[PDB]
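Residue numbers (the entry's author numbering), protein chains in the order written: chain V, 154 to 306; chain Q, 381 to 434; chain U, 1 to 290; chain O, 198 to 295.
Every residue gets a Cβ at the ideal spot worked out from N, C-alpha and C, and that includes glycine.
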Amino acid sequence: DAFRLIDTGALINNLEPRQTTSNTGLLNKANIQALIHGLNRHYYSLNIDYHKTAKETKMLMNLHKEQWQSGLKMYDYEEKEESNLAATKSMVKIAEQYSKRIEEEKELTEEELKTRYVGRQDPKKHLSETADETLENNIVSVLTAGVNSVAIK
Amino acid sequence: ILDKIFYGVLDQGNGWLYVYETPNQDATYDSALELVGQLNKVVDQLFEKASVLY
Amino acid sequence: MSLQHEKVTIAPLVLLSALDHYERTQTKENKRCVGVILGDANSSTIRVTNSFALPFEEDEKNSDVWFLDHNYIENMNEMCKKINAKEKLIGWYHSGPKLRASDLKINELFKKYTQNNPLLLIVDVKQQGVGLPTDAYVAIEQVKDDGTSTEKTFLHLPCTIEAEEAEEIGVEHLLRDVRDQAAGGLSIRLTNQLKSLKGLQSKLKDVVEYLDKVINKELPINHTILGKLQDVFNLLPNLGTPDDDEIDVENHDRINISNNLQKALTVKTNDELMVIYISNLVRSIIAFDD
Amino acid sequence: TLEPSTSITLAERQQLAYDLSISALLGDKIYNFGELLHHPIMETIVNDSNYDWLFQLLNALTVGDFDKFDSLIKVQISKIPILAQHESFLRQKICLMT
């Protein structure tokens with residue numbers, strides 16, 4: 154954050170609205186009571202923006218010379234079998250959680266039902282999330298192996 | 381063999397003994413029979429909620 | 001002296017700095033910029049913390065003629081020593097498009113200040129290529145099997161980038177982009193896949209036409225270049241072997257999980273299918289009273 | 198690393214070239230036969246009679262021709278007792294190169 158003093162004699166002359174003229178009126182704050190007193194009432198704050206050219210944007214955005222060639226970098230298959238095993242096991246347990254939730258939860262007042270029959274801590278949402286996550290990873294793993302076998306030899 | 385202390389097979393038409401210690405089991409396939417099992421139970425629970433529709 | 005330059009990590013600060021100094025001397029039309037490189041050494045990774053420009057006028061009649069101020073160098077170094085006292089001379093950056101053989105004589109000059117082997121960090125200010133705008137080299141002495149004596153020559157060093165914790169978050173503050181080389185979501189790795197494959201296809205094309213230039217156009221023969229290609233042929237994968245059959249078997253396993261998970265999400269969505277339809281029935285009652 | 202202002206004479210060099218050919222033929226982990234013949238010391242010295250047969254034993258290994266090898270060996274092993282006490286290395290070398 155940036156600050157610049159407004160003089161004490163300047164506050165007596167009540168020139169503070171002069172410093173907020175022709176601005177968007179957006180200013181910054183930091184914690185209350187002692188921090189904020191000094192902030193607005195003894196110095197003046199203006200926001201900070203960040204300046205760059207298109208030459209510098211390219212310099213930052215670049216990475217390794219094998220970072221645009223990292224999709225051929227398959228992983229060890231011991232690790233990928235770890236991934237296959239963990240996902241299937243865990244989803245059995247959240248499925249069990251999902252069975253209990255839909256036994257009841259059919260009286261009135263949704264929030265009540267969701268509190269009673271675990272519907273909060275939503276297993277319905279959790280189960281779908283895990284399945285999608287592992288599902289996207291495995292389409293590319295299959296795609297990686299099918300490329301590297303046929304392309305190199 | 382029945383005890384499965386080496387769980388091989390005895391070939392009596394040649395009098396040779398083959399000992400197998402190989403795994404015939406995989407973790408993924410076992411967990412998968414449970415996970416599918418869970419879904420069948422759930423689909424029944426769904427079916428009841430949909431009776432209102434019919 | 002020694003070779004300890006196996007890795008060169010380069011702070012992003014230094015790259016940005018290099019372009020700024022290049023423009024504020026306004027060296028164009030094949031003019032160069034040289035500044036000192038400050039940072040750590042005696043570590044296998046060479047850490048590029050900081051740079052500073054040195055006044056350096058480079059001739060246009062020749063490449064063998066240059067002005068460089070030796071007295072300037074010590075002054076810059078003692079000041080920066082006051083800031084942080086882990087910074088010493090580790091080399092000098094050249095900002096040309098590519099490599100010269102008149103940089104060899106300059107390299108020897110900076111060998112005086114160093115207690116390491118000078119790093120020539122060609123910081124490209126043309127941002128060529130989608131990969132790094134840095135190649136690194138260090139001047140080393142060799143003899144070679146041709147009959148060549150006491151050569152001085154530059155051996156490429158693989159280039160990498162590291163950043164400090166404070167440094168890295170500054171980048172994140174500045175930028176918000178999502179990066180065409182990123183390996184993120186499904187669509188993004190799909191693009192990385194085809195991009196990575198075509199990346200290899202380009203480099204291999206160069207070697208093929210480089211080999212022709214040796215044997216019809218009389219470019220030099222070198223055993224470092226031939227030896228690397230040998231390694232490729234020797235460790236090349238093979239299919240139809242019992243390795244290939246296990247791949248396919250590993251491949252069904254991955255296709256198996258996908259098929260299970262495809263079915264799993266049909267259950268969840270079909271649950272939503274019902275529940276929209278129950279809500280409709282309730283809202284019909286509401287609409288009739290309304 | 199040989200110096201340009203000579204201190205190793207041409208006479209010294211010829212015996213050195215001979216000593217290297219002997220080392221390659223009777224060794225067991227030397228397969229750089231052609232490098233010698235591509236190096237100036239031997240490019241220029243192929244034209245002396247005691248420097249024909251010697252290199253011909255090196256070339257016999259390089260192309261792996263057993264017909265040329267067996268014949269030159271007959272003559273030179275009688276001439277040279279170094280080829281003779283290290284015969285077993287010499288016989289092994291052409292098969293390994295092959």
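Which term fits residue i, buried or exposed, when burial requires 16 or more other beta carbons within 10 angstroms of its beta carbon?
i, result
"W250 of chain O", "exposed"
"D253 of chain U", "buried"
"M1 of chain U", "exposed"
"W396 of chain Q", "exposed"
"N192 of chain U", "buried"
"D245 of chain U", "exposed"
"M79 of chain U", "exposed"
"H94 of chain U", "buried"
"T287 of chain V", "buried"
"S51 of chain U", "buried"
"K290 of chain O", "buried"
"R24 of chain U", "exposed"
"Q262 of chain U", "exposed"
"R273 of chain V", "exposed"
"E235 of chain V", "exposed"
"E164 of chain U", "exposed"
Can you list, in chain order, the residues of its chain with a C-beta nearer than 6 Å to that of residue i? Leave out the 5 residues immediately preceding and following it.
i, result
"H5 of chain U", "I46, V138, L157"
"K98 of chain U", "none"
"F56 of chain U", "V34, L68"
"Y434 of chain Q", "none"
Can you give me the Cβ contacts of residue i inside the same chain, cut-off strictly under 7 Å, excluding the 5 residues immediately before and after it?
i, result
"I277 of chain O", "none"
"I161 of chain U", "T9, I10, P12"
"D145 of chain U", "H223"
"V243 of chain O", "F252"
"residue 342 of chain V", "With chain V running from 154 to 306 in the structure shown, residue 342 of chain V is simply not present."
"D64 of chain U", "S102"
"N107 of chain U", "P118, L120, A139"
With residue i as the anchor, note down where its alpha helix (DSSP H) starts and where it stops.
i, result
"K205 of chain V", "Careful: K205 of chain V lies outside any alpha helix (DSSP H) and carries neither H nor E."
"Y277 of chain U", "242-289"
"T268 of chain V", "263-269"
"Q418 of chain Q", "407-429"
"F286 of chain O", "284-294"
"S275 of chain O", "263-276"
"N301 of chain V", "276-305"
"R254 of chain V", "230-254"
"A221 of chain O", "207-222"
"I165 of chain V", "161-165"
Tell me the residue span of the beta strand (DSSP E) that contains residue i.
i, result
"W250 of chain O", "First-last for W250 of chain O: 250-260, but that is the alpha helix (DSSP H), not the beta strand (DSSP E)."
"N50 of chain U", "45-53"
"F56 of chain U", "56-58"
"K195 of chain U", "Taken as a continuous stretch (DSSP letters only), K195 of chain U belongs to no beta strand (DSSP E), being part of the alpha helix (DSSP H) at 186-215."
"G91 of chain U", "88-94"
"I37 of chain U", "34-39"
"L68 of chain U", "66-68"
Tell me which residues share the same chain as residue i and place their Cβ nearer than 8 Å to its Cβ, disregarding the 5 neighbours each side in the sequence.
i, result
"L255 of chain O", "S218, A221, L222, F230, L233, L234"
"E260 of chain V", "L266"
"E256 of chain V", "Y270"
"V300 of chain V", "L225"
"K82 of chain U", "none"
"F156 of chain V", "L192, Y196, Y197, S198"
"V143 of chain U", "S149, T150, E151"
Could you please give me the residues that DSSP links to residue i through a beta bridge?
i, result
"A155 of chain V", "V:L199"
"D391 of chain Q", "Q:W396"
"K7 of chain U", "U:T45"
"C159 of chain U", "U:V8"
"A139 of chain U", "U:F154"
"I122 of chain U", "U:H94, U:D135"
"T114 of chain U", "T114 of chain U is not bridged to any residue."
"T148 of chain U", "U:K144"
TODO: Would you be able to state if there are at least three C-beta pairs under 8 Å between the segment 200-217 of chain O and the segment 264-274 of chain O?
DONE: no
Open item on the list: Could you check whether the segment 110-128 of chain U touches the segment 190-207 of chain U, counting it as contact only if at least three pairs of C-beta atoms, one from each stretch, sit closer than 8 Å?
Closed with: no
Open item on the list: If contact is defined by three or more beta carbon pairs under 8 Å, each pair taking one atom from either stretch, is the segment 108-121 of chain U in contact with the segment 37-52 of chain U?
Closed with: A contact between stretches requires three or more CB pairs, one per stretch, nearer than 8 Å, and the segment 37-52 of chain U meets this requirement with the segment 108-121 of chain U.
Open item on the list: Count Cβ pairs between the segment 242-252 of chain V and the segment 215-233 of chain U that sit closer than 8 Å; are there 3 or more?
Closed with: no
Task: Segment contact, 8 Å Cβ cut-off, at least three pairs: the segment 177-185 of chain U with the segment 211-220 of chain V - done: yes
- [ ] May I ask you to verify whether the segment 274-288 of chain V touches the segment 16-23 of chain U, counting CB pairs closer than 8 Å and requiring at least 3?
- [x] no
Task: Inter-stretch contact at 8 Å, needing at least 3 Cβ pairs: the segment 218-230 of chain V / the segment 390-408 of chain Q - done: no
- [ ] Report yes or no: do the segment 400-417 of chain Q and the segment 162-178 of chain V share at least 3 C-beta pairs separated by less than 8 Å?
- [x] no
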